[PDB]
Amino acid sequence: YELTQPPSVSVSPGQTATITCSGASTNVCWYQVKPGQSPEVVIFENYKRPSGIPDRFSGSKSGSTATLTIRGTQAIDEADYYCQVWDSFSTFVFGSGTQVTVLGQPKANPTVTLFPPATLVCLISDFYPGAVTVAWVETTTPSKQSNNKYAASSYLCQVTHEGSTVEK
Amino acid sequence: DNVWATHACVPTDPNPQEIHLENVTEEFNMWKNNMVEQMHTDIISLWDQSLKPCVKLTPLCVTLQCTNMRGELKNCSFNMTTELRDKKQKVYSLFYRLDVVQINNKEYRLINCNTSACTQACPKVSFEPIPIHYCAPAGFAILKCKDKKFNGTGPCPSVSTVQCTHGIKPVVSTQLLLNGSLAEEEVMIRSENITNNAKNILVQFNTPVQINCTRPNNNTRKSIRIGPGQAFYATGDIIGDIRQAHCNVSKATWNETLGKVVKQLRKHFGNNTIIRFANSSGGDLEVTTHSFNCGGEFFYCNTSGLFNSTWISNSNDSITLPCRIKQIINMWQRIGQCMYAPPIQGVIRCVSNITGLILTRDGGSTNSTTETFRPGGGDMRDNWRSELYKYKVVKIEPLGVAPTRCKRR
Amino acid sequence: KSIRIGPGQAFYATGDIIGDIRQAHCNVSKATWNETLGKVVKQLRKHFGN
Amino acid sequence: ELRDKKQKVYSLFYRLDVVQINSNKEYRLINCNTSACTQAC
Amino acid sequence: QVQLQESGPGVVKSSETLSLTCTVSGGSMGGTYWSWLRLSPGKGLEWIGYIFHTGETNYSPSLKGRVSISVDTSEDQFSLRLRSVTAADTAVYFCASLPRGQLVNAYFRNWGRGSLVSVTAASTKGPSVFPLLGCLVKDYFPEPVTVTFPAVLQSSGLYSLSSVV
Ligand SMILES: *[C@@H]1O[C@H](CO)[C@@H](O[C@@H]2O[C@H](CO)[C@@H](O[C@@H]3O[C@H](CO)[C@@H](O)[C@H](O)[C@@H]3O)[C@H](O)[C@H]2NC(C)=O)[C@H](O)[C@H]1NC(C)=O
Ligand SMILES: *[C@@H]1O[C@H](CO)[C@@H](O[C@@H]2O[C@H](CO)[C@@H](O[C@@H]3O[C@H](CO)[C@@H](O)[C@H](O)[C@@H]3O)[C@H](O)[C@H]2NC(C)=O)[C@H](O)[C@H]1NC(C)=O
Ligand SMILES: *[C@@H]1O[C@H](CO)[C@@H](O[C@@H]2O[C@H](CO)[C@@H](O)[C@H](O)[C@H]2NC(C)=O)[C@H](O)[C@H]1NC(C)=O
Ligand SMILES: *[C@@H]1O[C@H](CO)[C@@H](O[C@@H]2O[C@H](CO)[C@@H](O)[C@H](O)[C@H]2NC(C)=O)[C@H](O)[C@H]1NC(C)=O
Ligand SMILES: *[C@@H]1O[C@H](CO)[C@@H](O[C@@H]2O[C@H](CO)[C@@H](O)[C@H](O)[C@H]2NC(C)=O)[C@H](O)[C@H]1NC(C)=O
Ligand SMILES: *[C@@H]1O[C@H](CO)[C@@H](O[C@@H]2O[C@H](CO)[C@@H](O)[C@H](O)[C@H]2NC(C)=O)[C@H](O)[C@H]1NC(C)=O
Ligand SMILES: *[C@@H]1O[C@H](CO)[C@@H](O[C@@H]2O[C@H](CO)[C@@H](O)[C@H](O)[C@H]2NC(C)=O)[C@H](O)[C@H]1NC(C)=O
Ligand SMILES: *[C@@H]1O[C@H](CO)[C@@H](O[C@@H]2O[C@H](CO)[C@@H](O)[C@H](O)[C@H]2NC(C)=O)[C@H](O)[C@H]1NC(C)=O
Ligand SMILES: *[C@@H]1O[C@H](CO)[C@@H](O[C@@H]2O[C@H](CO)[C@@H](O)[C@H](O)[C@H]2NC(C)=O)[C@H](O)[C@H]1NC(C)=O
Ligand SMILES: *[C@@H]1O[C@H](CO)[C@@H](O[C@@H]2O[C@H](CO)[C@@H](O)[C@H](O)[C@H]2NC(C)=O)[C@H](O)[C@H]1NC(C)=O
Ligand SMILES: *[C@@H]1O[C@H](CO)[C@@H](O[C@@H]2O[C@H](CO)[C@@H](O)[C@H](O)[C@H]2NC(C)=O)[C@H](O)[C@H]1NC(C)=O
Ligand SMILES: *[C@@H]1O[C@H](CO)[C@@H](O[C@@H]2O[C@H](CO)[C@@H](O)[C@H](O)[C@H]2NC(C)=O)[C@H](O)[C@H]1NC(C)=O
Ligand SMILES: *[C@@H]1O[C@H](CO)[C@@H](O[C@@H]2O[C@H](CO)[C@@H](O)[C@H](O)[C@H]2NC(C)=O)[C@H](O)[C@H]1NC(C)=O
Ligand SMILES: *[C@@H]1O[C@H](CO)[C@@H](O[C@@H]2O[C@H](CO)[C@@H](O)[C@H](O)[C@H]2NC(C)=O)[C@H](O)[C@H]1NC(C)=O
Ligand SMILES: *[C@@H]1O[C@H](CO)[C@@H](O)[C@H](O)[C@H]1NC(C)=O
Ligand SMILES: *[C@@H]1O[C@H](CO)[C@@H](O)[C@H](O)[C@H]1NC(C)=O
Ligand SMILES: *[C@@H]1O[C@H](CO)[C@@H](O)[C@H](O)[C@H]1NC(C)=O
Ligand SMILES: *[C@@H]1O[C@H](CO)[C@@H](O)[C@H](O)[C@H]1NC(C)=O
Ligand SMILES: *[C@@H]1O[C@H](CO)[C@@H](O)[C@H](O)[C@H]1NC(C)=O
Ligand SMILES: *[C@@H]1O[C@H](CO)[C@@H](O)[C@H](O)[C@H]1NC(C)=O
């Protein structure tokens, strides 16, 4: 028994966003988590909403797929969303998780730097879409810089970016 | 006219009086009467005062050395005190797997021995429910409704007063209403709000479905005597084979009983909806399983073959429900109060009438072409709300002023 | 601290003391007490001899 | 909780509640010959 | 209103027992399934198990056999014990609440702030500095060391970082 979600959804500010789940036989409830914050429910049934949650979130289930739509995404609610379905054997089955991010600054190309040693190291910096892949090992989760950008490092190279590749 | 005190209750008249109030239409509400909230308090009060002269099983929270359907029964040996305060004995008993927990193998304790010591039920008082009538005090009145199509809420135009209510048996049960009053004309669906799926649904039958049980283990009870005048009735050896307890529902009646239920449920949800049934979705043992008391022993039956059907709008086989037996009972969900049930010698048989259901609807859509109904339970106030639904208590205000063409000299 | 002395029965004991151990005291202001004792002794001299 | 087992514990009692009975010294609670105390919740 | 607070050690050695304790404040312990959850960064949110006030438990089948949840109604408290923890059992651990009844439409309420644990083989090693331009730190334990790229958790349990100028 598996529940499948898209890994990432990226939208512009002022644009709606959609998250779909699959493989659900009963009612699905959605949780929103934040880095360093406790989870909270935003849609506690297929369509219902709890008190205190604004009306930007709306969900609907059709067959075996339950979708959650955010109307007018902002700099707020840049977060990870999970789903939950009750099952008979395992009491609660959770989804893989969908990351919702917004583009409040335009795209920038990363800068790579490789250093010969026997440890080979590549340093990547200054890129706003954080989803980057490195090929040639240990790689980092791309964390935020001081100037609202991202950096990463590799240890042992080519890097793949959205519409680009840089090999050194 | 036992644990249910017939001493404190005054004797009623041999024949009651029922005046048919003509031209009277009174508004009833079964979901907000204060005759079930007083009844629940009285059930608790007359329950917990019959376990006051009974023995308190505080010396029995010891270390149990336990060895081995399969795995349900455990043979536990343990130290115990004696009438003489200087000597000790080594005794053994047969406990269930639902009553013991591992200390951290062959190292067990009772499940309640962090919370409280259970009070053993006295082996002479009976657990059989007896009918009790709730009479009104002086200056008050009880207005029975006599309509045969009443759905609990709203105006009843056939209001008649009564001295006292009919015989209401305090039968505790879950997912089924055993030994209850039957409807007169059709199967009745009663809910506080049909559209809201957080409200329980009470289904009342017009014909009963018979259920018969077995506890096929020939149990032997032995009295391990703790101290001066105090005894602990344990489980001895079981004579013969060991088989699980079960109780049966006839297939040919439960089919088309569910048909009547679906036919009366399509009047609120639409003519074309596909009515489905599922077994359970609870987490507690009392909520998941049909919990009742057969003969003195508390059964938890797995009603999964009963609620397994789908219904789309267009002769001796029986359904066997396996049941589990528990001895440490926390009945009214009070924190820190349990009760140990002594074993009963021989074979125990049910015979009971299924006279209702407590269903719960799974929502999800505003426009749904299918509906799923699962058995509920939990609170015991819905068991007695299926009997005190036609009754209403009122006070009399006999003082009026009126204009008349006459004056005092 | 909690010490389980039986089934469902706990004894609340005093554990270790973080820091230093100092006496528990009772502050009473001095000038207000002197004024209040003056107000007392005025009416005591009224009731007991001038 | 199990009456066939014991535990060695310690506490900090005041001097006014503790009386002698006669490395360390043996003491007892002050009302161990008059009554039994009821602990306030 | 009912609030839930976690408490436990932050560093747990491998092949040991991880113990946490959630304390409730306000409300009562009856009619509630007290649940334990964790949020791993690699496998997402997970459910460990719940317990009723009577003593009936329900554990997840993935973690069945090395988990134990217990309550204490006299102190309004409950606790979790995981046995034989490995390096993949690090997450943020939450304690939550479920209403008693049907669990088909039930969702977790009264979340705690979350207690972060980490299961590492603590072999304390001094940093080794290699020049490259820039500098590299090969192996050190534990976090942190000042010199600024963030640290890398290797498969051997030792941290590494680099710096460029
Ligand atoms: C309601 O009925 C469903 C089926 O209609 C019951 O679910 C079934 O529960 C059993 C035991 O709890 C599961 O068996 C176990 O499954 C796996 C097989 O990989 C294994 O771990 C065990 O050996 C065992 O056989 C069974 O899979 C499961 N069936 C389904 C379809 O999920 C459910 O328990 C009933 N609910 C009640 C009585 O509350
Ligand atoms: C619903 O009502 C029926 C009918 O009253 C109940 O069955 C009755 O159960 C009692 C349990 O104490 C039986 O009494 C015992 O029976 C034997 C034979 O005398 C013996 O062990 C005891 O001396 C005692 O009298 C009673 O016989 C039995 N009635 C019939 C006709 O078999 C049933 O238990 C009720 N259901 C519930 C859930 O309360
Ligand atoms: C439960 O265990 C006890 C021992 O604690 C068993 O009692 C013994 O049974 C054997 C076999 O019949 C006899 O030879 C011994 O004399 C018994 N000992 C005592 C002290 O009575 C008992 O049979 C077990 N019960 C079961 C397996 O149902
Ligand atoms: C009943 O009590 C007896 C007497 O103390 C227990 O037998 C001893 O148990 C201890 C437990 O530490 C063992 O070390 C001894 O070897 C046992 N025998 C003797 C002769 O002292 C017995 O275990 C108790 N029964 C239980 C707990 O089921
Ligand atoms: C189960 O239901 C049957 C059918 O309603 C009950 O049998 C009736 O009992 C009443 C008691 O006043 C009699 O007047 C009827 O004549 C009986 N009808 C038949 C067809 O026998 C039976 O009593 C119920 N059982 C229980 C335990 O309540
Ligand atoms: C029980 O029956 C009464 C009487 O039919 C229902 O009361 C009606 O409720 C609706 C709700 O929208 C009102 O608009 C009507 O005015 C009420 N009266 C009548 C005469 O129709 C009540 O809803 C029923 N309850 C159920 C089915 O649970
Ligand atoms: C019975 O339940 C329904 C469904 O929840 C209630 O209808 C909702 O009422 C709220 C306000 O209380 C509205 O915001 C919703 O839009 C309604 N939902 C639908 C689907 O109509 C209804 O109010 C309840 N009945 C009573 C008498 O309270
Ligand atoms: C419930 O029904 C089952 C059969 O569906 C009954 O089990 C039979 O019992 C008789 C009498 O002892 C045996 O001869 C048969 O072999 C059993 N059948 C099977 C398939 O094992 C059971 O007794 C019924 N329970 C009741 C009436 O309480
Ligand atoms: C349970 O076991 C007891 C004890 O073996 C059975 O009691 C016997 O019953 C027969 C038949 O009535 C009598 O002739 C015997 O005198 C009884 N005693 C003994 C010691 O054998 C009892 O019948 C069994 N129960 C069932 C339902 O079979
Ligand atoms: C429950 O038990 C009763 C008897 O207690 C069963 O009724 C018997 O049914 C058979 C088969 O039709 C008849 O031969 C008997 O005459 C009936 N006995 C009595 C006393 O009426 C009934 O069938 C059982 N119900 C089940 C197994 O669902
Ligand atoms: C209640 O009963 C149902 C069926 O009567 C049980 O479901 C079966 O569980 C066993 C467990 O080993 C599985 O092998 C079967 O495949 C299940 N049957 C079906 C049709 O799914 C159910 O487990 C029982 N509930 C309990 C024991 O809690
Ligand atoms: C009261 O005395 C106990 C011993 O009876 C002290 O507990 C010990 O404290 C020392 C402090 O160095 C620790 O090393 C030991 O491990 C402690 N032993 C136990 C069994 O816990 C306790 O600290 C004393 N309390 C004070 C001084 O406030
Ligand atoms: C008892 O404590 C109170 C509260 O701390 C003291 O009141 C303070 O008095 C000082 C002057 O002495 C003021 O500046 C503060 O503003 C007061 N605090 C408040 C909260 O009003 C009081 O003086 C103390 N009494 C004594 C020392 O006799
Ligand atoms: C209980 O014991 C206390 C402690 O010994 C007793 O209190 C002392 O009693 C003696 C009697 O000779 C007095 O001289 C002491 O002054 C008492 N106080 C202390 C602090 O030692 C007490 O009297 C006993 N109570 C009884 C016997 O009822
Ligand atoms: C013996 O008892 C154990 C207790 O864990 C149980 O698992 C086992 O099935 C029993 N039987 C045998 C033959 O080992
Ligand atoms: C409950 O009893 C078990 C088994 O002995 C024990 O491990 C646990 O600590 C107890 N709980 C409390 C709160 O004392
Ligand atoms: C639903 O079906 C019944 C069948 O008798 C019919 O009387 C009723 O009018 C139908 N309702 C609607 C709204 O068509
Ligand atoms: C209904 O019962 C049958 C026979 O017991 C079983 O095979 C089937 O799976 C059940 N139906 C559902 C939907 O689980
Ligand atoms: C106890 O004593 C030492 C030495 O005097 C002192 O430094 C320390 O701060 C004290 N401990 C506490 C907890 O105050
Ligand atoms: C007490 O003595 C004072 C001194 O000031 C005087 O004023 C007052 O009259 C006297 N009172 C009486 C009752 O003698």
# chains A, B, ... in the order shown; residues from 1 in each chain; ligands from 1

call {"tool": "select_by_dssp", "arguments": {"residues": "segment 13-167 of chain A", "states": "strand (DSSP E)", "output": "number ranges by chain"}}
result
A: 17-20, 28-34, 37-43, 57-62, 65-70, 79-86, 92-94, 98-102, 111-115, 121-127, 133-135, 138-139, 143-144, 150-155, 158-161, 164-167

call {"tool": "residues_near_ligand", "arguments": {"ligand": "ligand 15", "cutoff": "7 Å", "atoms": "only C-alpha atoms and all ligand atoms", "output": "list in words"}}
result
residues 67, 68, 71 and 105 of chain B

call {"tool": "residues_around", "arguments": {"residues": "residue 172 of chain B", "least_positions_apart": "2", "cutoff": "9 Å", "atoms": "only C-alpha atoms", "output": "VMD selection string"}}
result
chain B and resid 170 174 177 to 178 291 to 293 380 383 to 384

call {"tool": "interface_residues", "arguments": {"of": "chain E", "to": "chain B", "cutoff": "9 Å", "atoms": "only C-alpha atoms", "output": "ChimeraX atom specification"}}
result
/E:29-31,33,52-58,72-74,100-105

call {"tool": "residues_near_ligand", "arguments": {"ligand": "ligand 10", "cutoff": "6 Å", "atoms": "only C-alpha atoms and all ligand atoms", "output": "ChimeraX atom specification"}}
result
/B:210-212,248-250

call {"tool": "interface_residues", "arguments": {"of": "chain A", "to": "chain B", "cutoff": "10 Å", "atoms": "only C-alpha atoms", "output": "PyMOL selection string"}}
result
chain A and resi 26-28+45-48+60-62+86-88+91

call {"tool": "residues_around", "arguments": {"residues": "residue 277 of chain B", "least_positions_apart": "3", "cutoff": "6 Å", "atoms": "only C-alpha atoms", "output": "JSON, numbers by chain"}}
result
{"B": [307, 308, 309, 372, 373]}

call {"tool": "residues_around", "arguments": {"residues": "segment 15-17 of chain D", "least_positions_apart": "5", "cutoff": "12 Å", "atoms": "only C-alpha atoms", "output": "VMD selection string"}}
result
chain D and resid 27 to 32 37

call {"tool": "write_last_selection", "arguments": {"atoms": "N, CA and C atoms", "output": "PDB file, in the first residue's frame"}}
result
ATOM      1  N   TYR D  27      16.579   7.492  62.116  1.00  0.00           N
ATOM      2  CA  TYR D  27      15.549   8.463  62.443  1.00  0.00           C
ATOM      3  C   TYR D  27      14.185   7.900  62.068  1.00  0.00           C
ATOM      4  N   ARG D  28      13.145   8.687  62.336  1.00  0.00           N
ATOM      5  CA  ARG D  28      11.789   8.340  61.938  1.00  0.00           C
ATOM      6  C   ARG D  28      10.965   9.615  61.845  1.00  0.00           C
ATOM      7  N   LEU D  29       9.805   9.497  61.202  1.00  0.00           N
ATOM      8  CA  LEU D  29       8.861  10.602  61.146  1.00  0.00           C
ATOM      9  C   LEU D  29       8.262  10.846  62.526  1.00  0.00           C
ATOM     10  N   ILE D  30       7.830  12.087  62.761  1.00  0.00           N
ATOM     11  CA  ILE D  30       7.479  12.506  64.116  1.00  0.00           C
ATOM     12  C   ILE D  30       6.171  11.861  64.580  1.00  0.00           C
ATOM     13  N   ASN D  31       5.197  11.707  63.689  1.00  0.00           N
ATOM     14  CA  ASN D  31       3.937  11.053  64.050  1.00  0.00           C
ATOM     15  C   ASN D  31       3.902   9.579  63.660  1.00  0.00           C
ATOM     16  N   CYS D  32       4.909   8.804  64.038  1.00  0.00           N
ATOM     17  CA  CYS D  32       4.847   7.367  63.821  1.00  0.00           C
ATOM     18  C   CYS D  32       4.343   6.620  65.045  1.00  0.00           C
ATOM     19  N   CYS D  37      -0.476  10.144  58.390  1.00  0.00           N
ATOM     20  CA  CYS D  37      -0.741  11.385  57.681  1.00  0.00           C
ATOM     21  C   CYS D  37      -1.428  11.125  56.348  1.00  0.00           C
TER      22      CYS D  37
END

call {"tool": "closest_residue", "arguments": {"among": "A:7, A:130, A:59, A:106", "to": "chain E", "atoms": "only C-alpha atoms"}}
result
A:7
